[PDB]
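Architecture and fold: a report
Next come the chains, spelled out residue by residue.
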Amino acid sequence: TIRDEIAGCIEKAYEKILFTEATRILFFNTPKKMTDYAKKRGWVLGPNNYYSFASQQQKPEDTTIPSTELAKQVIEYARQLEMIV
Amino acid sequence: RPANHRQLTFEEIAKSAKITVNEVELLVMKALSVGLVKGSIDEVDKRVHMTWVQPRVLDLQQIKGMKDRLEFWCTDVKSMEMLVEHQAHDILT
Amino acid sequence: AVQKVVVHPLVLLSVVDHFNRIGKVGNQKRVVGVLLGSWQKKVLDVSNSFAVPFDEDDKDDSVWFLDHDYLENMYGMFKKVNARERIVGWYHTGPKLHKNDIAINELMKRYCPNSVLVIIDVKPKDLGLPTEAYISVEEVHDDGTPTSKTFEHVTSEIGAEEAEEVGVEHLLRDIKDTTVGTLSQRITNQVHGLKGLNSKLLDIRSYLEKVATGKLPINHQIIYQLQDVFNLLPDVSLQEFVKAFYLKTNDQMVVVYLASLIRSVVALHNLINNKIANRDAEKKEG
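Method-wise, the PDB entry is recorded as coming from cryo-EM, at a reported resolution of 3.6 Å.

Turning to the overall build of chain A, a few remarks are in order. Secondary structure assignment for chain A yields four helices and three strands. Starting at the N terminus, the α and β elements of chain A follow one another as α-β-α-α-β-β-α. Taken against the 2.2 N^0.38 rule, which gives 12 Å for 85 residues, the C-alpha radius of gyration of chain A at 23 Å runs more than 25% over that of a compact globule. Counting only C-alpha atoms and orienting by the principal axes, one finds that chain A spans roughly 75 × 30 × 20 Å. Counting every position in chain A, which comprises 85 residues, the buried fraction comes to 20%. If you take every contact in chain A between residues at least 6 apart in sequence, the share linking residues at least 24 apart comes to 55%. Accessible surface computed for chain A: about 6,700 Å², of which carbon and sulfur atoms make up 59%. Put simply, chain A has 12 plus and 11 minus side-chain charges, and the middle of one group is 12 Å from the middle of the other.

A separate point is the pairing of strand β4 (residues 86-92) of chain C. Residue and element names in this part refer to chain C. Extensive coverage of β4 is indicated by the burial of five of its seven residues. Examined bridge by bridge, strand β2 (residues 32-38) and β4 share six bridges and lie antiparallel to one another. Following the sheet pairing, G37 is matched in β4 by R86.

Two orientations exist for strands paired in a sheet by backbone hydrogen bonds: parallel and antiparallel. All names here are of chain A. The sheet built from three strands is open, its strands ordered β1-β3-β2 with antiparallel pairing. Looking along the sheet, the strands with just one partner apiece sit at the ends: β1 (16-18) and β2 (45-46). Here β2 runs beside strand β3 (residues 49-51); their pairing, made up of two bridges, is antiparallel. From the neighbouring strand, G46 faces β3, where its bridge partner is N49.

Between its first and last C-alpha atoms helix α2 (residues 68-81) of chain C spans 20 Å; for 14 residues at 1.5 Å apiece the expected length is 20 Å, and the two agree. Between a side-chain oxygen at the N-terminus of α2(C) and the backbone nitrogen of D69(C) the separation is 2.7 Å; the capping residue is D67(C).

Another aspect to go through is the interface of chain A and chain C. Across the contact, nine residues belong to chain A and 10 residues belong to chain C. Counting each side, the surface lost to burial between chain A and chain C is near 820 Å², with a carbon and sulfur contribution of 64%. Contact with chain C buries surface across chain A, with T63(A), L81(A) and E82(A) losing the most and accounting together for 51% of the total. Linking chain A to chain C there are one salt bridge. Between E82(A) and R186(C) there is a salt bridge; the shortest N-O distance is 3.8 Å. Viewed at the interface, chain C and chain A are joined by zero residue pairs in polar contact. Within the side of chain A that touches chain C, the residues separate by chemical class into five nonpolar, two polar and two charged.

All right, on to the interface of chain B and chain C then. Listed per partner, the contact involves 24 residues of chain B and 21 residues of chain C. The junction of chain B with chain C conceals about 2,100 Å² of combined surface from both sides, 75% of it contributed by carbon and sulfur atoms. There are zero salt bridges connecting chain B and chain C. Where chain B packs against chain C, one counts one residue pair in polar contact. Residue assignment for the side of chain B that touches chain C shows that the elements contributing at least two residues are α3 (60-87) and α4 (89-92) of chain B. Among the elements that make up the side of chain B that touches chain C, the one with the highest residue count is α3(B) (12 residues). Per-class residue counts for the side of chain B that touches chain C are 14 nonpolar, four polar and six charged.

The final tally for this structure, using the stated rule, is eight salt bridges over all chains. Here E11(B) and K15(B) are joined by a salt bridge, their closest N and O atoms 3.6 Å apart. Within this pair, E11(B) and its partner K15(B) are both found in helix α1 (residues 10-16), separated by four residues, close to a single helical turn. For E11(B), a relative accessible area of 44% corresponds to the partly exposed category. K15(B) gets classed as exposed once you look at its relative accessible area, which sits at 57%. A salt bridge links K125(C) to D121(C), with the shortest nitrogen-to-oxygen separation between them at 3.4 Å.

The subject of this paragraph is the nonpolar core. All names here are of chain C. Counting 19 residues, the largest nonpolar core has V5, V15, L35, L44 and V116 as the members making the most contacts within it. Put simply, the parts of the chain that give this core at least two residues each are β1 (5-7), α1 (9-21), β3 (44-50) and β4. Ignoring sequence-local partners within four residues, the contact set of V15 consists of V31, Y91, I120 and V122. Membership of the second largest hydrophobic core comes to 14 residues, among which are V32, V34, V52 and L66.

We now examine the pairing of β2(C). All names here are of chain C. Summarising burial for β2: seven of the seven residues are buried, a large majority. Taken together, the four bridges between β2 and β3 define a ladder with antiparallel strand orientation. Within β3, the residue paired with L35 across the bridge is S49.

A few words now on the side chain of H8(C). Residue and element names in this part refer to chain C. Residue placement: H8 occurs in the loop between β1 and α1. Residue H8 is classed as buried on the basis of its relative accessible area of 10%. A polar contact of 2.4 Å, which involves the side chain of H8, links it to the backbone oxygen of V46. Sequence-distant contacts of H8, defined by excluding residues within four places in its chain, comprise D45, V46, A160, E161 and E164.

Scoring rules and cut-offs
- Residues numbered from 1 in each chain as written, not as in the entry; some residues may be left out.
- Chains lettered and ligands numbered in written order.
- Part of a larger assembly, values for the part shown.
- Heavy atoms only, no water.
- Helix = DSSP H or I, 4+ residues; strand = E, 2+ residues; numbered from the N terminus.
- Rg over C-alpha atoms; globule rule 2.2 N^0.38 Å.
- Buried < 20%, exposed > 50% of the residue type's maximum accessible area, 1.4 Å probe, protein only.
- Contact = heavy atoms within 4.5 Å.
- Areas by Shrake-Rupley, 256 points an atom, 1.4 Å probe, with all protein chains shown as cover.
- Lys, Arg positive; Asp, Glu negative; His and termini not counted.
- Charge placed at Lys NZ, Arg CZ, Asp CG, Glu CD.
- Pairing = 2+ DSSP bridges.
- Expected span 1.5 Å × (residues − 1).
- Polar contact = N/O pair within 3.5 Å; in protein donor to acceptor, adjacent residues only side chain to side chain.
- Buried area = accessible area lost by both parts, 1.4 Å probe.
- Salt bridge = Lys/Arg side-chain N within 4 Å of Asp/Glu carboxyl O.
- Nonpolar A, V, L, I, M, F, W, Y, C, P; charged D, E, K, R; others polar.
- Core = buried A, V, L, I, M, F, W, Y, C linked by side-chain atoms within 4.5 Å.

Shown next as structure tokens:
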């Protein structure tokens, strides 16, 4: 549960890390567990470095889940102000 | 290009029209003078921005894209309107 | 030209009773009558209307009758009783317009310079807005059509008058859910979505129908033109159209703090008055 704890917190701002410090922290000096992490995980086994890929959200379409959750919420405001029985 | 991410740069203009760099501005402002384009121009990248396309004769694939995208809009409007109506229907009553 | 026409309820009821006039012959007869009004402005006004004899048979279906003399003497009557009132056009029942529905206007253009028509529906299955009105103009085409003389619609509604308010608003007595405020518009808020849907259903049905029949109808000018108008304005972009939503937060802001502050205080003050008059009459009652 610490092995997958490093394998969870790897994906953060370790934008590049040299391999033998990950050998120190993870465990197992030159294992096939480096194949396990570098293949079951991402962190492309390049030259002496687990490389960090990039991913984005953009908040593009939504704009609409804001608009429809506001449809829900203001239909609710109007609904409770609406009541009369 | 399907009119969504269509901001054109200098290169494809100078590649299609096969004219040099300092003539594409004349080329686009001539069409802006005529009015068979309704866009605008940045020149840090020489991106000529597109807010326009010409109405063109409906072909068979244009027939199909017409019906398909028109239905695409119609069923979305219907499916959201039904949810609005049903969500606030019983307070109308 | 015309801004819009203003139809009063009296002429529409004057069409309904006219259908009741000719509902006993039954066999094959559309409702056709003559429209009266007042050219007020670029907007148009409608006050009165009346009948006309008209028939149409099956073989050589261009057989149509407009009595000039009926028009002469009965317009003499209506001009004799009211000089403010004069002719503005004509009407008929209008399921739709058929091919023979140009010759009526082409007769009575020598009475009104712009003889406007009104298309209604006596059968209120229309969940749209009745009293359609066209006007005939010319649009002479790039293909070298000599003269295309086409009716074109100018928008319409039902207007108001002080006495007809008394009339209509007493003749209803039927339905009033409005309590005009935040909810007098929500029934019509269902209506605007649903009645964009009906029109769009007509659109998709027409688009599917032009490919099958009409032999190649497809509208040939105003399909690609107004279709590209459609295909030039669904803005779903995401650069600052996202950034209208702190103005949406500002829209929320004012009403949130007005409600939260003043609503609670007013209801509380009324609780104060109620509980004072409750306990101070309780100590006198019990």
